[PDB]
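Undergrad: This is the content of upload_14.txt (compact mmCIF, C-alpha atoms):
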# COMPACT_ATOMS: atom_id res chain seq x y z
CA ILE A 4 17.50 -1.11 8.52
CA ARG A 5 14.74 -3.04 6.75
CA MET A 6 11.57 -4.99 7.50
CA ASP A 7 11.88 -8.76 7.06
CA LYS A 8 9.86 -11.72 8.34
CA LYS A 9 6.02 -11.36 7.95
CA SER A 10 5.88 -7.61 8.67
CA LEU A 11 6.06 -7.42 4.88
CA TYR A 12 3.14 -9.77 4.82
CA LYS A 13 0.94 -7.63 7.09
CA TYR A 14 2.11 -4.51 5.25
CA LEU A 15 1.03 -6.14 1.99
CA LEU A 16 -2.34 -7.42 3.20
CA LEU A 17 -3.21 -4.06 4.75
CA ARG A 18 -2.21 -2.19 1.62
CA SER A 19 -4.25 -4.76 -0.35
CA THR A 20 -7.45 -4.04 1.60
CA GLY A 21 -7.50 -0.24 1.32
CA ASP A 22 -4.67 1.11 3.44
CA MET A 23 -3.48 3.34 0.55
CA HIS A 24 -2.54 7.01 0.42
CA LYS A 25 -4.23 9.00 -2.33
CA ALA A 26 -2.14 9.29 -5.52
CA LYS A 27 0.60 11.91 -5.30
CA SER A 28 2.42 13.00 -8.45
CA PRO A 29 6.06 11.82 -8.50
CA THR A 30 8.66 14.59 -8.95
CA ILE A 31 12.24 13.31 -8.75
CA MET A 32 13.86 10.39 -10.54
CA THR A 33 13.83 7.05 -8.77
CA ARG A 34 16.70 4.62 -9.03
CA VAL A 35 14.88 1.29 -9.20
CA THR A 36 17.83 -1.01 -9.91
CA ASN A 37 21.56 -0.49 -10.42
CA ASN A 38 21.24 1.07 -13.89
CA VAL A 39 17.48 1.42 -14.41
CA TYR A 40 15.67 4.64 -13.50
CA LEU A 41 12.04 5.73 -13.57
CA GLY A 42 10.81 9.25 -14.20
CA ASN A 43 8.52 11.77 -15.84
CA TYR A 44 8.93 14.25 -18.73
CA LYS A 45 10.86 16.91 -16.75
CA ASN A 46 13.28 14.24 -15.53
CA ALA A 47 14.09 13.35 -19.16
CA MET A 48 14.73 16.97 -20.18
CA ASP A 49 16.99 17.04 -17.12
CA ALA A 50 18.81 13.79 -18.06
CA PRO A 51 21.68 15.30 -20.10
CA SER A 52 22.97 17.11 -17.01
CA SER A 53 22.22 14.89 -14.04
CA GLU A 54 24.48 12.96 -11.63
CA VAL A 55 23.98 9.84 -13.79
CA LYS A 56 25.86 8.94 -16.98
CA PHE A 57 22.85 7.83 -19.00
CA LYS A 58 23.60 6.02 -22.21
CA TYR A 59 19.91 5.55 -22.88
CA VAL A 60 16.53 7.10 -22.37
CA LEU A 61 13.33 5.13 -23.07
CA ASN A 62 10.74 7.64 -24.20
CA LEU A 63 7.26 6.15 -23.71
CA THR A 64 5.34 9.32 -24.63
CA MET A 65 3.81 9.87 -28.05
CA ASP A 66 6.09 12.66 -29.20
CA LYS A 67 9.62 12.08 -30.56
CA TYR A 68 11.89 14.63 -28.85
CA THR A 69 15.63 15.00 -29.24
CA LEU A 70 18.36 15.98 -26.78
CA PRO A 71 20.77 17.21 -29.44
CA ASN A 72 23.48 18.64 -27.16
CA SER A 73 23.79 15.21 -25.65
CA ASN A 74 25.11 11.79 -26.59
CA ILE A 75 22.22 9.94 -24.88
CA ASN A 76 20.55 7.42 -27.18
CA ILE A 77 16.79 8.07 -27.13
CA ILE A 78 14.69 4.95 -27.72
CA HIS A 79 11.12 5.92 -28.66
CA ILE A 80 8.23 3.52 -27.96
CA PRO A 81 5.14 5.64 -28.44
CA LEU A 82 2.21 4.65 -26.29
CA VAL A 83 -0.89 6.39 -25.02
CA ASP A 84 -1.79 6.31 -21.35
CA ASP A 85 -5.34 5.01 -21.87
CA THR A 86 -7.58 2.18 -20.69
CA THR A 87 -7.55 0.59 -24.17
CA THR A 88 -3.91 0.42 -25.42
CA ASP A 89 -2.10 -2.87 -25.32
CA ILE A 90 1.23 -2.32 -23.62
CA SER A 91 1.94 -6.03 -23.09
CA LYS A 92 3.09 -6.39 -26.73
CA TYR A 93 6.36 -4.66 -25.80
CA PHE A 94 6.85 -6.39 -22.46
CA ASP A 95 9.33 -9.02 -23.68
CA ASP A 96 11.63 -6.70 -25.64
CA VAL A 97 11.53 -3.87 -23.09
CA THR A 98 12.39 -6.06 -20.09
CA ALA A 99 15.04 -7.78 -22.20
CA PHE A 100 16.58 -4.40 -23.11
CA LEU A 101 16.49 -3.19 -19.50
CA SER A 102 18.25 -6.36 -18.26
CA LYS A 103 20.96 -5.94 -20.89
CA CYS A 104 21.43 -2.38 -19.63
CA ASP A 105 21.77 -3.71 -16.06
CA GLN A 106 24.28 -6.33 -17.16
CA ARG A 107 26.40 -3.78 -19.04
CA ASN A 108 25.96 -1.17 -16.31
CA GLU A 109 24.55 1.11 -19.01
CA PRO A 110 22.34 3.59 -17.17
CA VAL A 111 18.87 3.94 -18.73
CA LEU A 112 15.98 6.25 -17.85
CA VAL A 113 12.41 4.94 -18.34
CA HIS A 114 10.02 7.85 -18.56
CA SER A 115 6.55 8.91 -19.61
CA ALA A 116 4.75 12.27 -19.25
CA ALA A 117 3.71 11.73 -15.62
CA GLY A 118 6.28 9.05 -14.71
CA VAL A 119 3.35 6.99 -13.45
CA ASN A 120 1.50 4.75 -15.94
CA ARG A 121 3.30 3.97 -19.17
CA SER A 122 6.70 4.12 -17.49
CA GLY A 123 5.65 2.54 -14.17
CA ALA A 124 4.07 -0.33 -16.11
CA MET A 125 7.34 -1.08 -17.92
CA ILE A 126 9.30 -0.80 -14.66
CA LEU A 127 6.83 -3.17 -12.98
CA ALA A 128 7.14 -5.58 -15.88
CA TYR A 129 10.94 -5.47 -15.63
CA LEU A 130 10.87 -6.25 -11.88
CA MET A 131 8.37 -9.07 -12.37
CA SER A 132 10.52 -10.43 -15.18
CA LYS A 133 13.61 -10.53 -13.04
CA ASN A 134 11.93 -12.39 -10.16
CA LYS A 135 12.88 -16.06 -10.13
CA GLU A 136 12.60 -16.47 -6.35
CA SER A 137 9.23 -15.35 -4.98
CA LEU A 138 5.63 -16.43 -5.69
CA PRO A 139 4.45 -13.99 -8.40
CA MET A 140 1.19 -12.90 -6.69
CA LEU A 141 3.10 -11.84 -3.61
CA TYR A 142 6.04 -10.43 -5.53
CA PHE A 143 3.51 -8.37 -7.52
CA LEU A 144 1.82 -6.97 -4.38
CA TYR A 145 5.14 -6.15 -2.75
CA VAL A 146 6.62 -4.44 -5.84
CA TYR A 147 3.44 -2.51 -6.59
CA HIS A 148 2.98 -1.13 -3.09
CA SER A 149 6.60 -0.46 -2.23
CA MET A 150 7.06 1.39 -5.56
CA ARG A 151 3.84 3.33 -4.96
CA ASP A 152 4.88 4.24 -1.39
CA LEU A 153 8.21 5.42 -2.82
CA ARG A 154 7.03 7.33 -5.89
CA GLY A 155 3.64 8.55 -4.66
CA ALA A 156 1.82 7.14 -7.68
CA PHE A 157 2.60 4.00 -9.65
CA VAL A 158 0.59 2.26 -12.42
CA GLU A 159 -2.67 3.92 -11.41
CA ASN A 160 -4.00 2.88 -14.82
CA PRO A 161 -6.22 -0.18 -14.15
CA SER A 162 -5.89 -1.64 -17.65
CA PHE A 163 -2.06 -1.47 -17.40
CA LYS A 164 -2.26 -3.27 -14.07
CA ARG A 165 -4.55 -5.90 -15.62
CA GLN A 166 -1.99 -6.50 -18.38
CA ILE A 167 0.90 -7.02 -15.94
CA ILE A 168 -1.23 -9.41 -13.82
CA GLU A 169 -2.17 -11.47 -16.89
CA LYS A 170 1.39 -11.54 -18.23
CA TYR A 171 3.25 -12.30 -15.01
CA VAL A 172 0.80 -13.76 -12.50
CA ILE A 173 -2.05 -15.43 -14.37
CA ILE B 4 -24.07 -17.28 -12.76
CA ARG B 5 -20.74 -16.84 -10.99
CA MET B 6 -17.09 -16.14 -11.73
CA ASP B 7 -14.77 -19.13 -11.29
CA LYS B 8 -11.28 -19.96 -12.55
CA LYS B 9 -8.69 -17.10 -12.17
CA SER B 10 -11.11 -14.24 -12.91
CA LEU B 11 -11.38 -14.21 -9.11
CA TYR B 12 -7.63 -13.98 -9.05
CA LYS B 13 -7.45 -10.92 -11.33
CA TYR B 14 -10.43 -9.40 -9.49
CA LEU B 15 -8.53 -9.87 -6.24
CA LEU B 16 -5.18 -8.54 -7.45
CA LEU B 17 -6.80 -5.48 -9.00
CA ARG B 18 -8.81 -4.76 -5.88
CA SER B 19 -5.57 -5.28 -3.91
CA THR B 20 -3.69 -2.59 -5.86
CA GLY B 21 -6.21 0.25 -5.59
CA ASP B 22 -9.21 -0.68 -7.71
CA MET B 23 -11.60 0.18 -4.83
CA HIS B 24 -14.76 2.25 -4.71
CA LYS B 25 -14.87 4.87 -1.97
CA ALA B 26 -16.61 3.68 1.22
CA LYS B 27 -20.40 3.77 1.00
CA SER B 28 -22.49 3.35 4.15
CA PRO B 29 -24.38 0.03 4.21
CA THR B 30 -28.16 0.32 4.65
CA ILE B 31 -29.94 -3.04 4.46
CA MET B 32 -29.17 -6.28 6.27
CA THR B 33 -26.90 -8.73 4.50
CA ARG B 34 -27.37 -12.46 4.77
CA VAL B 35 -23.79 -13.69 4.95
CA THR B 36 -24.41 -17.37 5.67
CA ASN B 37 -27.52 -19.51 6.19
CA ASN B 38 -28.34 -18.13 9.65
CA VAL B 39 -25.79 -15.33 10.16
CA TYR B 40 -26.63 -11.74 9.24
CA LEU B 41 -24.68 -8.48 9.30
CA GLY B 42 -26.15 -5.05 9.92
CA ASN B 43 -26.16 -1.64 11.55
CA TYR B 44 -28.15 -0.08 14.43
CA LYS B 45 -31.36 0.58 12.45
CA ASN B 46 -31.34 -3.04 11.23
CA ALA B 47 -31.34 -4.22 14.88
CA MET B 48 -34.26 -1.98 15.88
CA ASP B 49 -35.98 -3.46 12.82
CA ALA B 50 -35.12 -7.08 13.78
CA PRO B 51 -38.26 -7.90 15.82
CA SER B 52 -40.43 -7.44 12.72
CA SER B 53 -38.38 -8.59 9.75
CA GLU B 54 -38.75 -11.54 7.36
CA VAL B 55 -36.27 -13.50 9.52
CA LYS B 56 -37.06 -15.42 12.72
CA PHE B 57 -34.09 -14.21 14.74
CA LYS B 58 -33.43 -16.04 17.95
CA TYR B 59 -30.39 -13.89 18.63
CA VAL B 60 -28.94 -10.47 18.10
CA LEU B 61 -25.25 -9.77 18.81
CA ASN B 62 -25.03 -6.16 19.93
CA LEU B 63 -21.45 -4.91 19.44
CA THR B 64 -22.17 -1.28 20.35
CA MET B 65 -21.42 0.17 23.76
CA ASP B 66 -24.98 0.69 24.91
CA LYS B 67 -27.20 -2.11 26.27
CA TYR B 68 -30.60 -1.76 24.55
CA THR B 69 -33.61 -4.01 24.95
CA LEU B 70 -36.28 -5.13 22.49
CA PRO B 71 -38.89 -5.85 25.14
CA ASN B 72 -41.86 -6.63 22.87
CA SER B 73 -39.77 -9.37 21.36
CA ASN B 74 -38.43 -12.78 22.32
CA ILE B 75 -35.06 -12.21 20.61
CA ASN B 76 -32.13 -12.93 22.92
CA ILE B 77 -29.78 -9.92 22.86
CA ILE B 78 -26.13 -10.80 23.46
CA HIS B 79 -24.16 -7.67 24.39
CA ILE B 80 -20.40 -7.50 23.70
CA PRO B 81 -19.55 -3.85 24.17
CA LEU B 82 -16.72 -2.61 22.01
CA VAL B 83 -15.60 0.76 20.74
CA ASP B 84 -14.88 1.30 17.06
CA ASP B 85 -11.38 2.74 17.58
CA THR B 86 -7.82 2.15 16.41
CA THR B 87 -6.76 0.97 19.89
CA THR B 88 -9.34 -1.60 21.15
CA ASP B 89 -8.46 -5.26 21.06
CA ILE B 90 -11.29 -7.10 19.36
CA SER B 91 -9.32 -10.32 18.85
CA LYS B 92 -9.92 -11.35 22.49
CA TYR B 93 -13.50 -12.29 21.56
CA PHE B 94 -12.69 -13.91 18.22
CA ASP B 95 -12.74 -17.51 19.46
CA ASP B 96 -16.02 -17.35 21.41
CA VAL B 97 -17.84 -15.20 18.85
CA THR B 98 -17.00 -17.40 15.86
CA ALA B 99 -17.80 -20.46 17.98
CA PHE B 100 -21.21 -18.99 18.88
CA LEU B 101 -21.96 -18.05 15.27
CA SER B 102 -21.12 -21.58 14.04
CA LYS B 103 -23.41 -23.09 16.66
CA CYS B 104 -26.15 -20.78 15.39
CA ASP B 105 -25.51 -22.01 11.83
CA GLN B 106 -25.58 -25.63 12.95
CA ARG B 107 -28.88 -25.17 14.82
CA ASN B 108 -30.31 -22.96 12.08
CA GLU B 109 -30.81 -20.32 14.77
CA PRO B 110 -30.85 -17.00 12.92
CA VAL B 111 -28.53 -14.39 14.47
CA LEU B 112 -27.95 -10.74 13.59
CA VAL B 113 -24.43 -9.30 14.08
CA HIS B 114 -24.63 -5.54 14.28
CA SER B 115 -22.79 -2.41 15.32
CA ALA B 116 -23.72 1.28 14.95
CA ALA B 117 -22.59 1.56 11.32
CA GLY B 118 -22.68 -2.15 10.43
CA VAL B 119 -19.12 -1.69 9.17
CA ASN B 120 -16.25 -2.08 11.66
CA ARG B 121 -17.05 -3.87 14.90
CA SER B 122 -19.66 -6.05 13.22
CA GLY B 123 -17.82 -6.53 9.91
CA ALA B 124 -14.72 -7.58 11.85
CA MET B 125 -16.63 -10.33 13.66
CA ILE B 126 -18.26 -11.45 10.41
CA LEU B 127 -14.84 -11.55 8.73
CA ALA B 128 -13.44 -13.52 11.64
CA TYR B 129 -16.32 -16.00 11.40
CA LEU B 130 -15.74 -16.54 7.65
CA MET B 131 -11.99 -16.93 8.15
CA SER B 132 -12.66 -19.39 10.96
CA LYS B 133 -14.88 -21.54 8.82
CA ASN B 134 -12.38 -21.80 5.95
CA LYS B 135 -10.60 -25.14 5.93
CA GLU B 136 -10.11 -25.27 2.15
CA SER B 137 -8.38 -22.17 0.77
CA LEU B 138 -5.00 -20.55 1.48
CA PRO B 139 -5.78 -17.94 4.18
CA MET B 140 -4.10 -14.94 2.46
CA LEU B 141 -6.22 -15.45 -0.62
CA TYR B 142 -9.34 -16.39 1.31
CA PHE B 143 -8.87 -13.16 3.28
CA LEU B 144 -8.56 -10.99 0.14
CA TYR B 145 -11.57 -12.63 -1.49
CA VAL B 146 -13.82 -12.36 1.60
CA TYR B 147 -12.77 -8.78 2.33
CA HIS B 148 -13.35 -7.47 -1.17
CA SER B 149 -16.49 -9.42 -2.02
CA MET B 150 -18.07 -8.36 1.30
CA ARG B 151 -17.01 -4.75 0.69
CA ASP B 152 -18.38 -4.79 -2.88
CA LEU B 153 -21.64 -6.17 -1.45
CA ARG B 154 -22.06 -3.95 1.61
CA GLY B 155 -20.38 -0.76 0.38
CA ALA B 156 -18.09 -0.56 3.40
CA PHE B 157 -16.55 -3.40 5.38
CA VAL B 158 -13.89 -3.33 8.15
CA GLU B 159 -12.61 0.10 7.14
CA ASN B 160 -10.93 0.24 10.54
CA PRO B 161 -7.22 -0.53 9.88
CA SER B 162 -6.48 -1.81 13.38
CA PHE B 163 -9.43 -4.27 13.14
CA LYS B 164 -8.06 -5.48 9.81
CA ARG B 165 -4.60 -5.87 11.37
CA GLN B 166 -6.08 -8.03 14.14
CA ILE B 167 -7.87 -10.37 11.70
CA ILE B 168 -4.68 -10.71 9.59
CA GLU B 169 -2.60 -11.59 12.65
CA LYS B 170 -5.18 -14.03 14.00
CA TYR B 171 -6.04 -15.86 10.79
CA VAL B 172 -3.24 -15.29 8.28
CA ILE B 173 -0.01 -14.60 10.15
Please rewrite the model in this file as structure tokens.
TA:
Amino acid sequence: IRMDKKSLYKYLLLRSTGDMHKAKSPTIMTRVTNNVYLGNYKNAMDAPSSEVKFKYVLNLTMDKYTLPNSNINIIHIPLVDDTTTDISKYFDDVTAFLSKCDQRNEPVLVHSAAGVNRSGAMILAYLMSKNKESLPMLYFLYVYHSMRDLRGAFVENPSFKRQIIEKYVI
Amino acid sequence: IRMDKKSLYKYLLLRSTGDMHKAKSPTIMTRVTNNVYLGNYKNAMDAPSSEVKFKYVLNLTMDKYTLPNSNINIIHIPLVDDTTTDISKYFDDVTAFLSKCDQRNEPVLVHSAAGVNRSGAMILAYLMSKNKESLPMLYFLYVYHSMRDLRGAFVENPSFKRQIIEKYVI
């Protein structure tokens, strides 16, 4: 049971003109594609012993943690969640790595502190990168709002949203 | 001094993903085209003695007022600002009347109580109707956000926005 056929279009245009719930902190991990997951700091601590056989965790926070009782490989890309940091510089490599994970069915968790702005930006970028079908402006609006509806908050950082738009739309 | 060339596009996509100021009540009349104006109840009371030579006022509120010391013609279309009323039924005639006004340079004020939802919807409809150039989805997003940025609040009513989208986009 899904919505097809220009209900998505009204959904999108209404969301695009203010029909948006106030930001609600995301709590549980979200499976976004077959092997790619999106979460927050707690979710990463919880990653050793979750239903998923993670091979990788992509740590987007500033601090290099370990999960030493586990065999998960922790990739650290330290970024700040601010309106000045350039996150686009890592777009190509990160989306490339995530697609490799999806090809090899190697589960990977993409997380930040909140699971909203450094991690949601990389998940958005991945989704945009994998779109060969749909007009980017519309794919962008659909992805953004459906992910926000799902998670409660998604790339609330305006500068991160600007960087995705420039990279993948304009 | 204007923004052209894909700054409008980033502006639009950012506004479309949550970059929106909280609704602020509009106070002064807004000239939207050469002879078409948008305002609230006070603005209409003030219409007899304003810098503009109104020939017409389009009263979208429920109550039939008069301005008996004036020669302004008051057209009454009574509508409620609610999430159930069908405003689309008057779209064709209203936009037709407004375009005639613009052709004959006959100044006309479009108002409701707030100057935000019954009146902004008819102004939006007019603008959409007069667009023969731009893709409707994009013209819609541009008009909506630039009018909201200008006025402070514009078609905040979600059902009125749905009706414009259905009429003019889908």
Undergrad: So which residues touch residue 158 in chain A within 6 Å, counting all atoms listed in the file, skipping near sequence neighbours fewer than 5 positions away, as a list in words?
TA: residues 119, 120, 123 and 124 of chain A
Undergrad: Could you fit chain B onto chain A by least squares over every C-alpha atom, paired in order, and give me the moved chain as a CSV table (one decimal) with C-alpha atoms, in the coordinates of the input?
TA:
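Dumped to result_8.csv:
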chain,number,residue,atom,x,y,z
B,4,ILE,CA,17.5,-1.1,8.5
B,5,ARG,CA,14.7,-3.0,6.8
B,6,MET,CA,11.6,-5.0,7.5
B,7,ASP,CA,11.9,-8.8,7.1
B,8,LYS,CA,9.9,-11.7,8.3
B,9,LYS,CA,6.0,-11.4,7.9
B,10,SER,CA,5.9,-7.6,8.7
B,11,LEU,CA,6.1,-7.4,4.9
B,12,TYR,CA,3.1,-9.8,4.8
B,13,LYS,CA,0.9,-7.6,7.1
B,14,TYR,CA,2.1,-4.5,5.2
B,15,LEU,CA,1.0,-6.1,2.0
B,16,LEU,CA,-2.3,-7.4,3.2
B,17,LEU,CA,-3.2,-4.1,4.7
B,18,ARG,CA,-2.2,-2.2,1.6
B,19,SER,CA,-4.2,-4.8,-0.3
B,20,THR,CA,-7.5,-4.0,1.6
B,21,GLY,CA,-7.5,-0.2,1.3
B,22,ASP,CA,-4.7,1.1,3.4
B,23,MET,CA,-3.5,3.3,0.6
B,24,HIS,CA,-2.5,7.0,0.4
B,25,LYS,CA,-4.2,9.0,-2.3
B,26,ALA,CA,-2.1,9.3,-5.5
B,27,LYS,CA,0.6,11.9,-5.3
B,28,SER,CA,2.4,13.0,-8.5
B,29,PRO,CA,6.1,11.8,-8.5
B,30,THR,CA,8.7,14.6,-8.9
B,31,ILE,CA,12.2,13.3,-8.8
B,32,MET,CA,13.9,10.4,-10.5
B,33,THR,CA,13.8,7.1,-8.8
B,34,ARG,CA,16.7,4.6,-9.0
B,35,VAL,CA,14.9,1.3,-9.2
B,36,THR,CA,17.8,-1.0,-9.9
B,37,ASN,CA,21.6,-0.5,-10.4
B,38,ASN,CA,21.2,1.1,-13.9
B,39,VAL,CA,17.5,1.4,-14.4
B,40,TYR,CA,15.7,4.6,-13.5
B,41,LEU,CA,12.0,5.7,-13.6
B,42,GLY,CA,10.8,9.2,-14.2
B,43,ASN,CA,8.5,11.8,-15.8
B,44,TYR,CA,8.9,14.3,-18.7
B,45,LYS,CA,10.9,16.9,-16.8
B,46,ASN,CA,13.3,14.2,-15.5
B,47,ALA,CA,14.1,13.3,-19.2
B,48,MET,CA,14.7,17.0,-20.2
B,49,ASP,CA,17.0,17.0,-17.1
B,50,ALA,CA,18.8,13.8,-18.1
B,51,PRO,CA,21.7,15.3,-20.1
B,52,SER,CA,23.0,17.1,-17.0
B,53,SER,CA,22.2,14.9,-14.0
B,54,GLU,CA,24.5,13.0,-11.6
B,55,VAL,CA,24.0,9.8,-13.8
B,56,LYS,CA,25.9,8.9,-17.0
B,57,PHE,CA,22.9,7.8,-19.0
B,58,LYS,CA,23.6,6.0,-22.2
B,59,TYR,CA,19.9,5.6,-22.9
B,60,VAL,CA,16.5,7.1,-22.4
B,61,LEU,CA,13.3,5.1,-23.1
B,62,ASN,CA,10.7,7.6,-24.2
B,63,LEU,CA,7.3,6.2,-23.7
B,64,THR,CA,5.3,9.3,-24.6
B,65,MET,CA,3.8,9.9,-28.1
B,66,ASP,CA,6.1,12.7,-29.2
B,67,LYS,CA,9.6,12.1,-30.6
B,68,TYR,CA,11.9,14.6,-28.8
B,69,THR,CA,15.6,15.0,-29.2
B,70,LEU,CA,18.4,16.0,-26.8
B,71,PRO,CA,20.8,17.2,-29.4
B,72,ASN,CA,23.5,18.6,-27.2
B,73,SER,CA,23.8,15.2,-25.6
B,74,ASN,CA,25.1,11.8,-26.6
B,75,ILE,CA,22.2,9.9,-24.9
B,76,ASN,CA,20.6,7.4,-27.2
B,77,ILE,CA,16.8,8.1,-27.1
B,78,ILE,CA,14.7,4.9,-27.7
B,79,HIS,CA,11.1,5.9,-28.7
B,80,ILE,CA,8.2,3.5,-28.0
B,81,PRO,CA,5.1,5.6,-28.4
B,82,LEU,CA,2.2,4.7,-26.3
B,83,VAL,CA,-0.9,6.4,-25.0
B,84,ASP,CA,-1.8,6.3,-21.3
B,85,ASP,CA,-5.3,5.0,-21.9
B,86,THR,CA,-7.6,2.2,-20.7
B,87,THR,CA,-7.6,0.6,-24.2
B,88,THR,CA,-3.9,0.4,-25.4
B,89,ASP,CA,-2.1,-2.9,-25.3
B,90,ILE,CA,1.2,-2.3,-23.6
B,91,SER,CA,1.9,-6.0,-23.1
B,92,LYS,CA,3.1,-6.4,-26.7
B,93,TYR,CA,6.4,-4.7,-25.8
B,94,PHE,CA,6.9,-6.4,-22.5
B,95,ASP,CA,9.3,-9.0,-23.7
B,96,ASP,CA,11.6,-6.7,-25.6
B,97,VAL,CA,11.5,-3.9,-23.1
B,98,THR,CA,12.4,-6.1,-20.1
B,99,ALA,CA,15.0,-7.8,-22.2
B,100,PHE,CA,16.6,-4.4,-23.1
B,101,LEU,CA,16.5,-3.2,-19.5
B,102,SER,CA,18.2,-6.4,-18.3
B,103,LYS,CA,21.0,-5.9,-20.9
B,104,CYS,CA,21.4,-2.4,-19.6
B,105,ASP,CA,21.8,-3.7,-16.1
B,106,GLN,CA,24.3,-6.3,-17.2
B,107,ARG,CA,26.4,-3.8,-19.0
B,108,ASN,CA,26.0,-1.2,-16.3
B,109,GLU,CA,24.6,1.1,-19.0
B,110,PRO,CA,22.3,3.6,-17.2
B,111,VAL,CA,18.9,3.9,-18.7
B,112,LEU,CA,16.0,6.3,-17.9
B,113,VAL,CA,12.4,4.9,-18.3
B,114,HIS,CA,10.0,7.8,-18.6
B,115,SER,CA,6.6,8.9,-19.6
B,116,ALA,CA,4.7,12.3,-19.2
B,117,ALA,CA,3.7,11.7,-15.6
B,118,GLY,CA,6.3,9.0,-14.7
B,119,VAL,CA,3.3,7.0,-13.5
B,120,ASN,CA,1.5,4.8,-15.9
B,121,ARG,CA,3.3,4.0,-19.2
B,122,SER,CA,6.7,4.1,-17.5
B,123,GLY,CA,5.7,2.5,-14.2
B,124,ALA,CA,4.1,-0.3,-16.1
B,125,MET,CA,7.3,-1.1,-17.9
B,126,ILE,CA,9.3,-0.8,-14.7
B,127,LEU,CA,6.8,-3.2,-13.0
B,128,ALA,CA,7.1,-5.6,-15.9
B,129,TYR,CA,10.9,-5.5,-15.6
B,130,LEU,CA,10.9,-6.2,-11.9
B,131,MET,CA,8.4,-9.1,-12.4
B,132,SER,CA,10.5,-10.4,-15.2
B,133,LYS,CA,13.6,-10.5,-13.0
B,134,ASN,CA,11.9,-12.4,-10.2
B,135,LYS,CA,12.9,-16.1,-10.1
B,136,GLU,CA,12.6,-16.5,-6.3
B,137,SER,CA,9.2,-15.3,-5.0
B,138,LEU,CA,5.6,-16.4,-5.7
B,139,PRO,CA,4.5,-14.0,-8.4
B,140,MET,CA,1.2,-12.9,-6.7
B,141,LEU,CA,3.1,-11.8,-3.6
B,142,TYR,CA,6.0,-10.4,-5.5
B,143,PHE,CA,3.5,-8.4,-7.5
B,144,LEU,CA,1.8,-7.0,-4.4
B,145,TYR,CA,5.1,-6.1,-2.7
B,146,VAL,CA,6.6,-4.4,-5.8
B,147,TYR,CA,3.4,-2.5,-6.6
B,148,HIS,CA,3.0,-1.1,-3.1
B,149,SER,CA,6.6,-0.5,-2.2
B,150,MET,CA,7.1,1.4,-5.6
B,151,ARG,CA,3.8,3.3,-5.0
B,152,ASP,CA,4.9,4.2,-1.4
B,153,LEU,CA,8.2,5.4,-2.8
B,154,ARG,CA,7.0,7.3,-5.9
B,155,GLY,CA,3.6,8.6,-4.7
B,156,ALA,CA,1.8,7.1,-7.7
B,157,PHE,CA,2.6,4.0,-9.7
B,158,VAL,CA,0.6,2.3,-12.4
B,159,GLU,CA,-2.7,3.9,-11.4
B,160,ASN,CA,-4.0,2.9,-14.8
B,161,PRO,CA,-6.2,-0.2,-14.2
B,162,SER,CA,-5.9,-1.6,-17.6
B,163,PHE,CA,-2.1,-1.5,-17.4
B,164,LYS,CA,-2.3,-3.3,-14.1
B,165,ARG,CA,-4.5,-5.9,-15.6
B,166,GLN,CA,-2.0,-6.5,-18.4
B,167,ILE,CA,0.9,-7.0,-15.9
B,168,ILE,CA,-1.2,-9.4,-13.8
B,169,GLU,CA,-2.2,-11.5,-16.9
B,170,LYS,CA,1.4,-11.5,-18.2
B,171,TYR,CA,3.3,-12.3,-15.0
B,172,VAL,CA,0.8,-13.8,-12.5
B,173,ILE,CA,-2.0,-15.4,-14.4
Undergrad: Using only C-alpha atoms, can you tell me which of A:49, A:54, A:152, A:22 comes closest to chain B?
TA: A:22
Undergrad: At a cut-off of 8 Å, list the chain A residues touching chain B, using only C-alpha atoms, as a count of residues only.
TA: 22
Undergrad: Report as a list in words all protein, DNA and RNA residues lying within 7 Å of residue 116 in chain B, evaluated on all atoms listed in the file, omitting residues in the same chain fewer than 5 positions from it.
TA: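 Close residues of residue 116 in chain B: residues 43, 44 and 64 of chain B.
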Undergrad: If you measure from CA of residue 77 in chain A to CA of residue 61 in chain A, what distance in Å do you get, rounded to one decimal?
TA: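 Rounded to one decimal, the two atoms are 6.1 Å apart.
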Undergrad: Give me the residues within 12 Å of residue 104 in chain A as a PyMOL selection string, counting all atoms listed in the file and dropping any in the same chain fewer than 3 places off.
TA: chain A and resi 36-40+57-61+97-101+107-113+129
Undergrad: Could you pull the residues within 10 Å of residue 73 in chain A, counting all atoms listed in the file, minus those fewer than 3 positions along the same chain, as a PyMOL selection string?
TA: chain A and resi 50-52+57-58+69-70+76
Undergrad: Looking at B:154, B:56, B:8, B:170, which one is nearest to residue 35 in chain B, with distances taken over all atoms listed in the file?
TA: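 Smallest separation from residue 35 in chain B among the options: B:154.
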Undergrad: In Å to one decimal, how far is CA of residue 142 in chain B from CA of residue 155 in chain A?
TA: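 It comes out at 28.7 Å.
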Undergrad: Distance CA of residue 80 in chain B-CA of residue 47 in chain B, one decimal place?
TA: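 For CA of residue 80 in chain B relative to CA of residue 47 in chain B, the distance reads 14.4 Å.
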Undergrad: Please provide the set of residues having any atom within 10 Å of residue 66 in chain A, restricted to all atoms listed in the file, with same-chain residues fewer than 5 positions apart removed, written as a PyMOL selection string.
TA: chain A and resi 79-82
Undergrad: Would you give the centre and edge lengths, in Å to one decimal, of a box along x, y and z around the listed atoms of range 58-68 of chain B, with 8 Å added to each side, as AutoDock Vina command-line options?
TA:
--center_x -27.4 --center_y -7.7 --center_z 22.1 --size_x 28.0 --size_y 32.7 --size_z 24.3
Undergrad: For a cut-off of 8 Å around (-13.2, -0.4, 17.2), file coordinates, pick out all residues using only C-alpha atoms and list them as a ChimeraX atom specification.
TA: /B:82-90,120-121,160,162-163
